[PDB]
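Report on one structure; see the data block that follows.
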Amino acid sequence: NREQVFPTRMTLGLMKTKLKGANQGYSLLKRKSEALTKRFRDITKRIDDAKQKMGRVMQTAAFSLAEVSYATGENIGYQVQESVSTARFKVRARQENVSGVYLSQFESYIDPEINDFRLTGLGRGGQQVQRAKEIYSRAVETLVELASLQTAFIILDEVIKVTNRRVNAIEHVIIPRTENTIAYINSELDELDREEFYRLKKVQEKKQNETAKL
Amino acid sequence: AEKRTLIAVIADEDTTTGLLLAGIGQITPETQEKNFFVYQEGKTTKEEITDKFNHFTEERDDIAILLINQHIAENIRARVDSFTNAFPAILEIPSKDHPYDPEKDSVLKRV
Amino acid sequence: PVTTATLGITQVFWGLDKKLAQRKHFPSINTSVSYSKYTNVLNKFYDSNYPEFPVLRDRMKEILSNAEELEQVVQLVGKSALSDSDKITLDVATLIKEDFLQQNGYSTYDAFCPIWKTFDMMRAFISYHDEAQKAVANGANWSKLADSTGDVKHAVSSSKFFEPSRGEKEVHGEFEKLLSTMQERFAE
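Residue numbers (our numbering), protein chains in the order written: chain W, 2 to 215; chain D, 4 to 114; chain P, 79 to 266.
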């Protein structure tokens, strides 16, 4: 409940300054948690909206791919698997600074060295396969955006949990412990002052008795 | 990280084919493996799916975003919930005759 | 009691900083708790010999006070997302503490820093701070300005080594080159 700090006037001042610093840090971290939880609510709303958008885009892209497959007369799965030597779509991580946290947000990137498509050598439904490829490219872009949103959500939630944990710890441990330590140190200093007062009172009584005896 | 520039899909055959056409992943010349680990929900095994997901979400994998269909991720929902790491992110893509349900979203369940 | 009775009569005070003495940073003079009540009387000599000394002294005092105010929040909040201007001020103040304020008394070069050398070093440090603030206001990222002007930062940190025996005319010329190099390097 109290620290083992030896009660002294310097120690009392240091611990009072520590209490002031802890209270300031408590207010600062509470306001930070409030700002980050407002941003967390915003991110959750965007997550729900992007989830609905993904639900729509996957359905429409799957319909486009099925139409392309029907036009070509066969599934393009084998050609797509054979054309998996290189990656044409890549995600580059960006440490975008949002509020006071370095949340990582993904940015989609593309390369021309993997421009080959499964429609090469198919012999049928080239336009349909190209349209399906474009639709799934847009779909992959949407999923990269949603993945950036979700990574920011996870990071921000973790930081909010840590910050709220620190705020509650300061409010219920550090402030009570430091306040109890201030009370104890002040009581010990008062006891020392009382003892010094008694010693000086005894000296004064002896001096007065000696003066009377003279 | 710099090496993280890769997208992994563990969805159904149709979704895997579509994302491969989009060009998500590449076949590693040294590892002789590709990020387009196509695996049907009805085929293979739940243990195999869990092992593939663990390999893609751990073992210093280069995948930035792990794409798992809601149907296939439901069978490995325990592993999905266990994957509490911030990265790589996981998404529950809808599958044919298997729409995405908000209750099945492991990451959205943290709200 | 002796020092609290002294502070009522003394006109200057150079209270020792326990933290700065534990860091083996000499002289361990507490910048916040020290004072000199002749900073107004001595303007009659500063404005006559070194006209810019009071303004730069106040500028350094303000920079150190701002750094001291920010360091509490830094310690309590990890200091991950300081503004570019705040980061520039805190870095400049750390440089000031490490190079200007710190003084190896036994060292031959810094045994006795003359008033003109101190004034020139103050000019160099305040000019570095002003250049950094101007660069930040230009929109360029301080994370890049750090590498861009590391040469100037090392130059101002090594200006401490200018031996006073070179003479006032010679040393003041050397500093004028350093400040001139500072403005030229601002194009980065």
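Even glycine gets a Cβ: it sits at the ideal position worked out from N, Cα and C.
Can you tell me which residues form a DSSP beta bridge with residue i?
i	result
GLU36(D)	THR31(D)
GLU108(W)	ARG93(W)
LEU69(D)	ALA11(D) and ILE93(D)
residue 226(W)	This structure leaves residue 226(W) out entirely; chain W is present only between 2 and 215.
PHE41(W)	None; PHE41(W) has no bridge partner.
residue 171(D)	Look at the range of chain D in this structure, 4 to 114, and you will see that residue 171(D) is not part of it.
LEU94(P)	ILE107(P)
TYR113(P)	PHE91(P)
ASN98(W)	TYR103(W)
Please list the partners that residue i has in chain W, where partner means a Cβ-to-Cβ separation under 8 Å.
i	result
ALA159(P)	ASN98, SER100, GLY101, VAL102 and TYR103
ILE68(D)	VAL92, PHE107, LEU144, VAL145 and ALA148
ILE27(D)	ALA88, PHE90 and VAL141
List, in order along the chain, the chain P residues whose C-beta lies closer than 9 Å to that of residue i?
i	result
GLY26(W)	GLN150, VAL151, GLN153, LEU154 and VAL155
Give the residues of chain D in contact with residue i, contact being defined as C-beta atoms less than 7 Å apart.
i	result
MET59(W)	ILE96 and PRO97
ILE48(W)	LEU111
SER138(W)	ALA25
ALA62(W)	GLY21
Identify the contact partners of residue i in chain W, using a Cβ-Cβ distance below 7 Å as the criterion.
i	result
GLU16(D)	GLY78
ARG113(D)	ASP158
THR31(D)	Within chain W, no residue comes near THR31(D); the closest Cβ sits about 10 Å away, beyond 7 Å.
Quick one: what's got a C-beta closer than 6 Å to residue i's C-beta in the same chain, skipping five residues either side?
i	result
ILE136(W)	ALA62 and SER65
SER205(P)	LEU257 and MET260
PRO242(P)	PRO192 and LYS195
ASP50(W)	none
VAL130(W)	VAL69 and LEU120
Going along chain D in order, which residues have a C-beta closer than 8 Å to the C-beta of residue i?
i	result
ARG132(W)	Residues of chain D passing the Cβ test: none, with the nearest at roughly 11 Å.
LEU37(W)	None at all; the shortest Cβ gap to chain D is about 14 Å.
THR152(W)	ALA89, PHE90 and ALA92
For residue i, which residues in the same chain have their Cβ closer than 7 Å to its Cβ, ignoring the five residues on either side in sequence?
i	result
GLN43(D)	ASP15 and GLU16
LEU85(P)	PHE91
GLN211(P)	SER163 and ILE166
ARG3(W)	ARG178, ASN181, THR182 and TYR185
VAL119(P)	none
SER110(P)	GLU146
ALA148(W)	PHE107
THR87(W)	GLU114 and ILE115
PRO105(D)	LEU111
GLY127(W)	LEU120
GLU209(P)	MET260 and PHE264
How would you list, in chain order, the residues of chain P whose beta-carbon sits under 8 Å from the beta-carbon of residue i?
i	result
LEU29(W)	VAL151, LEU154 and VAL155
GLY22(W)	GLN150 and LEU154
List, in order along the chain, the chain W residues whose C-beta lies closer than 9 Å to that of residue i?
i	result
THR8(D)	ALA88, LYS91, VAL92, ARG93, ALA94 and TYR110
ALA4(D)	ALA94
Within a Cβ cutoff of 8 Å, which residues of the same chain sit near residue i, ignoring the five residues on either side of it in sequence?
i	result
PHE178(P)	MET138, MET199, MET200, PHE203 and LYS238
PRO97(D)	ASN72, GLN73 and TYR103
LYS37(D)	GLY28, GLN29, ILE30 and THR31
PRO132(P)	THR117, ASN121, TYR124 and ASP125
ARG125(W)	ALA72, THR73 and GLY74
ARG132(W)	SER65 and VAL69
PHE90(D)	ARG7 and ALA67
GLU77(D)	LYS107
Along chain D, in chain order, which residues have C-beta atoms closer than 9 Å to that of residue i?
i	result
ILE161(W)	Simply none; closest approach about 11 Å.
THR45(W)	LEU111 and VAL114
Give a yes or no on whether 7 Å exceeds the smallest Cβ distance from residue i to chain A.
i	result
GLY56(W)	Of the chains in the structure shown, none is chain A; the protein chains are W, D and P.
_Interface positions of the segment 95–125 of chain W facing chain P (Cβ-Cβ less than 8 Å), listed along the chain_ = Answer set for the segment 95–125 of chain W: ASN98, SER100, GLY101, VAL102 and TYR103.
*the segment 137–147 of chain P touching the segment 167–182 of chain P, judged by at least three CB pairs closer than 8 Å*: Short answer: they touch.
*Taking only beta carbons into account, state which residues of the segment 147–174 of chain P come closer than 8 Å to chain W, listed in chain order.*
Look at the segment 147–174 of chain P: the residues with a C-beta under 8 Å from a C-beta of chain W are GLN150, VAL151, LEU154, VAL155, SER158 and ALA159.
*Specify whether the segment 17–28 of chain D and the segment 46–53 of chain D touch according to this definition: at least 3 beta carbon pairs, one from each stretch, less than 8 Å apart.*
With a cut-off of 8 Å, the segment 46–53 of chain D and the segment 17–28 of chain D do not count as touching, because too few Cβ pairs lie within range.
_Residues, ordered as in the chain, of the segment 33–45 of chain D that lie near chain W by beta-carbon distance below 9 Å_ = For chain W, the residues of the segment 33–45 of chain D that bring a beta carbon within less than 9 Å of one of its beta carbons are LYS37, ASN38, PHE39 and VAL41, in chain order.
*Is there contact between the segment 114–126 of chain W and the segment 35–50 of chain W, where contact requires at least three CB pairs shorter than 8 Å?*
No, the segment 114–126 of chain W is not in contact with the segment 35–50 of chain W.
*Residues of the segment 71–102 of chain D whose Cβ lies closer than 9 Å to any Cβ of chain W, in chain order*: Close to chain W, meaning a Cβ-Cβ distance shorter than 9 Å, are the following residues of the segment 71–102 of chain D: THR87, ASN88, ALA89, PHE90, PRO91, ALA92, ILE93, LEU94, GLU95, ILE96, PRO97, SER98, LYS99 and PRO102.
*If we count Cβ pairs, one from each stretch, closer than 8 Å, do we get three or more for the segment 150–157 of chain W versus the segment 2–21 of chain W?*
Touching, no, given that fewer than three Cβ pairs across the two stretches are closer than 8 Å.
*Three or more beta-carbon pairs under 8 Å between the segment 69–87 of chain W and the segment 189–202 of chain W, yes or no?*
In the pairwise beta carbon analysis, the segment 69–87 of chain W is classified as not touching the segment 189–202 of chain W: fewer than three pairs are separated by under 8 Å.
*Touching or not, the segment 71–78 of chain W and the segment 103–110 of chain W, by the rule of three or more beta carbon pairs under 8 Å?*
Contact check between the segment 71–78 of chain W and the segment 103–110 of chain W: fewer than three CB pairs, one atom from each, fall below 8 Å, which does not count as touching.
*Would you call the segment 174–188 of chain P and the segment 88–107 of chain P touching, i.e. three or more CB-CB distances under 8 Å?*
Taking 8 Å as the limit for Cβ pairs, the verdict is that the segment 88–107 of chain P does touch the segment 174–188 of chain P.
_Segment contact, 8 Å Cβ cut-off, at least three pairs: the segment 194–211 of chain W with the segment 33–43 of chain W_ = No, they do not touch.
*asked:* Across the segment 147–160 of chain P and the segment 20–29 of chain W, are there enough close Cβ pairs to call them in contact, namely three or more that are closer than 8 Å?
replied: Contact between the segment 147–160 of chain P and the segment 20–29 of chain W is present, because at least three Cβ pairs lie under 8 Å.
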